[PDB]
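We use all heavy atoms of the structure for the numbers below, so side chains are in, but hydrogens, waters and symmetry mates are not. If you read the sequence from its start, that first residue is 1, and numbering goes on from there.
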Amino acid sequence: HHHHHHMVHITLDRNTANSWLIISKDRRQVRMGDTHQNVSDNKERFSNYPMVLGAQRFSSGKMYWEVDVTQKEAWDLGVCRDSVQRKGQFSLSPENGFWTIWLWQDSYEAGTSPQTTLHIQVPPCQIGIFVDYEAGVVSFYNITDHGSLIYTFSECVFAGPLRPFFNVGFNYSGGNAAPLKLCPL
Ligand SMILES: Nc1ccc(S(=O)(=O)Nc2ccccn2)cc1
């Protein structure tokens, strides 16, 4: 892929974060805290899951960014509609406004309904995410394996502005404390 030149500087939006997340001063890293982080509740915060949005909103053009997932056992990454549900239980699916992949229990899957098995030979330490708004495309790349394609959502019906989407995952096991980090350009 030659998508690197549509690189965008993504930062995390504290106001959208689940109340147990800790976002770094530079707004480029997020991790699960071991407790509530002493913030007020608001209607933007994801209540049920350890999720947070990027601050950037996209309604046109081509955008690319990279996320470091080193040593995590579980995570979700991609984009979502600005208007996705924040409270209660929900599925990650395009019907609900999400275009995502994830790691869970030693398998990688795309957030279709139902979910799609991914075939990754080299476990990724960094994931590249490409959005073409006009084409209706969201693609995922394995930066650890020379940028190899992981998955393409096509014929996407975005139906509104898009935001970068992150889930650091729970840490029931004590093996998933590591952060998600936005990688430098
Ligand atoms: N409906 C639902 C259930 C659990 C979760 S999760 O935050 O545990 N993260 C994930 C990620 C991939 C697979 C399972 N859980 C998110 C949404």
Side-chain angles (χ1 to χ4, degrees), residues 1 3-4 6-8 10 12 16-18 21 28-32 46 48-54 56 58 62-82 84-85 89-133 135-160 162-171 173 175-176 178-183:
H1 76 90
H3 292 321
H4 306 105
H6 302 293
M7 182 66 86
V8 293
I10 300 306
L12 298 169
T16 67
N18 178 280
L21 297 183
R28 300 272 286 174
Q29 315 189 17
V30 57
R31 65 189 181 86
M32 184 58 153
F46 288 102
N48 287 41
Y49 314 105
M51 294 165 179
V52 62
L53 306 185
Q56 292 67 39
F58 302 127
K62 299 176 178 179
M63 285 70 56
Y64 178 81
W65 64 96
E66 293 180 358
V67 184
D68 193 300
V69 298
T70 298
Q71 70 146 135
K72 290 192 69 54
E73 296 174 345
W75 51 262
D76 315 326
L77 288 174
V79 291
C80 65
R81 297 186 184 141
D82 61 351
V84 293
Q85 176 186 346
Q89 296 165 99
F90 58 83
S91 292
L92 295 178
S93 64
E95 306 101 272
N96 289 340
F98 300 87
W99 296 268
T100 64
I101 68 172
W102 63 78
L103 172 62
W104 170 255
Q105 299 194 165
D106 209 23
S107 77
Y108 298 92
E109 298 173 325
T112 53
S113 186
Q115 77 257 42
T116 302
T117 297
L118 300 174
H119 301 98
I120 309 182
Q121 175 62 27
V122 174
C125 297
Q126 297 92 32
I127 299 288
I129 302 172
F130 175 68
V131 179
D132 185 334
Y133 198 102
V137 168
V138 183
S139 293
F140 299 83
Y141 298 91
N142 181 346
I143 303 314
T144 307
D145 182 44
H146 313 285
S148 56
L149 181 67
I150 296 170
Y151 191 79
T152 291
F153 290 90
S154 70
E155 316 181 77
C156 297
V157 181
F158 297 131
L162 290 175
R163 297 184 68 178
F165 174 77
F166 306 86
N167 184 358
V168 296
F170 292 101
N171 185 31
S173 63
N176 197 41
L180 292 177
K181 308 186 189 172
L182 284 152
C183 310

message: To the closest 0.5 Å, what do you measure between CZ (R28) and SG (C183)?
response: 8.0 Å

task: State which residue, out of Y141, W65, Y64, fulfils the ring pair (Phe, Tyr, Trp, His ring centres under 6.0 Å) condition with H4.
output: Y64

For residues 100-110, tabulate all N or O donor-acceptor pairs below 3.5 Å that involve a side-chain atom, not counting sequence neighbours.
unit_1: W102; atom_1: NE1; unit_2: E109; atom_2: OE1; d: 3.1
unit_1: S107; atom_1: OG; unit_2: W104; atom_2: O; d: 3.3
unit_1: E109; atom_1: OE1; unit_2: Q115; atom_2: NE2; d: 3.4

task: Report the C-alpha distance between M51 and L92 in whole Å, list the side-chain angles of each, state the deciding distance to 0.1 Å, and finish with yes or no for side chain to side chain contact (heavy atoms under 4.5 Å, CB included).
output: CA-CA 12 Å; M51 294 165 179; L92 295 178; 4.2 Å; yes

message: When you compare the side chains of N167 and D76, does any donor N or O come within less than 3.5 Å of an acceptor on the partner?
response: yes

statement: Only one of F153, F58, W99 passes ring pair (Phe, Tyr, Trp, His ring centres under 6.0 Å) with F158, and that residue is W99

- request: List the atom of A178, the atom of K72, and the distance in Å for their closest heavy-atom pair.
  value: O-NZ, 2.8 Å

- prompt: Is the number of heavy atoms from other residues, nucleotides or ligands within 6.0 Å of CD (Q89) greater than 12?
  reply: no

query: So do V30 and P179 actually touch side chain to side chain, heavy atoms under 4.5 Å?
result: no

field: For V168 against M32, the heavy-atom pair lying closest together
entry: CG2-N, 3.9 Å

- prompt: Can you check whether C156 reaches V138 side chain to side chain, under 4.5 Å on heavy atoms?
  reply: yes

query: Between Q56 and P164, which heavy-atom pair has the shortest distance, and what is it?
result: O-CD, 3.3 Å

task: For residues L12 and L53, determine if any side-chain heavy atom of one lies less than 4.5 Å from a side-chain heavy atom of the other.
output: no

message: Whether the side chain of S173 engages the backbone of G175 through a donor-acceptor N/O pair (distance < 3.5 Å, no angle test) should be reported.
response: yes

field: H6 side chain reached by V8 side chain, heavy atoms, under 4.5 Å
entry: no

query: Are any non-hydrogen side-chain atoms of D82 and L162 less than 4.5 angstrom apart?
result: no

message: Determine whether the aromatic ring centres of residues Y49 and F170 are separated by less than 6.0 angstrom.
response: no

Counting only pairs under 3.5 Å, give me each side-chain donor-acceptor contact of residues 120-133, with atom names and distances, residues two or more places apart or in other chains.
unit_1: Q126; atom_1: NE2; unit_2: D68; atom_2: OD2; d: 2.8
unit_1: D132; atom_1: OD1; unit_2: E134; atom_2: N; d: 3.3
unit_1: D132; atom_1: OD1; unit_2: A135; atom_2: N; d: 3.1
unit_1: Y133; atom_1: OH; unit_2: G160; atom_2: O; d: 2.7

query: Can you list the steps and then say if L21 with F166 is a side chain to side chain contact (heavy atoms under 4.5 Å, CB included)?
result: CA-CA 11 Å; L21 297 183; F166 306 86; over 6 Å; no

- line: When rounded to the nearest 0.5 Å, the distance separating OH of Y151 from OG of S139 is 10.0 Å

- request: Look at the side chain of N142 and the backbone N and O of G147, then say whether any donor-acceptor pair between them is shorter than 3.5 Å.
  value: no

task: Please report the C-alpha distance between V84 and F90 in whole Å, then the side-chain angles of each, then the deciding distance to 0.1 Å, and finally whether the side chain to side chain contact (heavy atoms under 4.5 Å, CB included) criterion is met.
output: CA-CA 10 Å; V84 293; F90 58 83; over 6 Å; no

query: How many angstroms lie between CG in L118 and CD1 in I150, if you round to the nearest 0.5 Å?
result: 7.0 Å

field: Side-chain heavy atoms of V137 within contact of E155, under 4.5 Å
entry: no

query: Are the side chains of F140 and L149 in touch, meaning some heavy atoms are under 4.5 Å apart?
result: no

message: Could you report the tightest heavy-atom contact between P94 and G111, atom names first, then the distance?
response: CD-O, 3.3 Å

Heavy-atom neighbours of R31 CZ exceed 12 at 6.0 Å: no

query: Donor-acceptor pair, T152 side chain versus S154 backbone, under 3.5 Å?
result: no

query: Can you find a pair of side-chain heavy atoms, one from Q29 and one from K181, that are under 4.5 Å apart?
result: yes

